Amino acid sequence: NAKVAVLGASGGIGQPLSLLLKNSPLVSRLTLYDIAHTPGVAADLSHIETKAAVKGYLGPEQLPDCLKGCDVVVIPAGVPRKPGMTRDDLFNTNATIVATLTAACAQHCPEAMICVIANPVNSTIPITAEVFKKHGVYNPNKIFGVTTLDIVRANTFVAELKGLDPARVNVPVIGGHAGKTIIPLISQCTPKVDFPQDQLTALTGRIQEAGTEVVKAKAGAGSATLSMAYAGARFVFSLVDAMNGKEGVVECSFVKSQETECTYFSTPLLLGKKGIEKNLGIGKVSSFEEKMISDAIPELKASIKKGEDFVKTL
């Protein structure tokens, strides 16, 4: 009986994401928000033979009605990358977007799970947290930076190289969601896999640059949409399952953390009825993986401070 809001539902990620959500028997009400096209998207989806009641909402005047009574809010809203851009180049525009939408969440559904897809996640989660603090309703167990696509990619790339079924591969990925902050823990992969250091370095590099690879491949027509819809759907379903009392639900996500000196960090999280049940931590890692964690912390701290400083000027 989960009530889910999608903010940015008319965009490239938002539409196929809303489809996957509508198709699931976990969702009872699907409220869609954007600045354009939502009524059409809602009409389209409302015809699908599943139980989820689909409602479309349009413009900041209707945003409160979209959020009212929501259990989960997913935020794919945001400007995508063009070839040559870094995720950091999107900060100025997407920071304003996230601050506005999460302010409405703080006011109208403060108890909801907030899942931010909007890049750069390393900065937009700190923004979300500070906005919630401003409204006096900050719960760090309920705010999630969606990094699930990194794990999905890692699983796929490991499966391809080792001739495995990616459905039965699980690579923990930690740190953040940008460049060298993406740290795939191949040593913790199930099933156990052994790559030589040159192949391991190549695999790790491809995981880190996978987003840019897709941006390049689309050649100006945006960034990952369909795989991001898949990964965002996976995360929401995991979260909704856990809220309904499903046990053993573990997902990596960029959250308020005390695992490192970084105040926000991605690690495997046991999810439960109140959101984050337990942060399962970094765990035992190789020297190579330790080196990556060390190199990533400087950029993570910088991205975090950037997001915090943006909210200070509001």
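One-based numbering along the sequence shown.
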## Note on the structure
With B-factors read from the PDB entry, the higher C-alpha mean of 171-179 and 192-200 is in 192-200
### Message
When the Cα temperature factors in the entry are averaged, is it 160-168 or 80-88 that ends up higher?
### Response
160-168
### Message
If I read the C-alpha B-factors straight from the PDB entry, which of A42, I48, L269, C262 is highest?
### Response
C262
### Task
Divide the modelled residues of the chain into thirds by Cα B-factor and specify which third, lowest, middle or highest, holds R153.
lowest
### Message
Taking only the Cα B-factors deposited for this chain, tell me whether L280 sits in the lowest, middle or highest third.
### Response
highest
### Query
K133's Cα B-factor: lowest, middle or highest third of the chain?
highest
### Summary
Tertile call for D65 (CA temperature factor, within chain, third-based) is the highest
### Query
What third of its chain, lowest, middle or highest, does the C-alpha temperature factor of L26 fall into?
highest
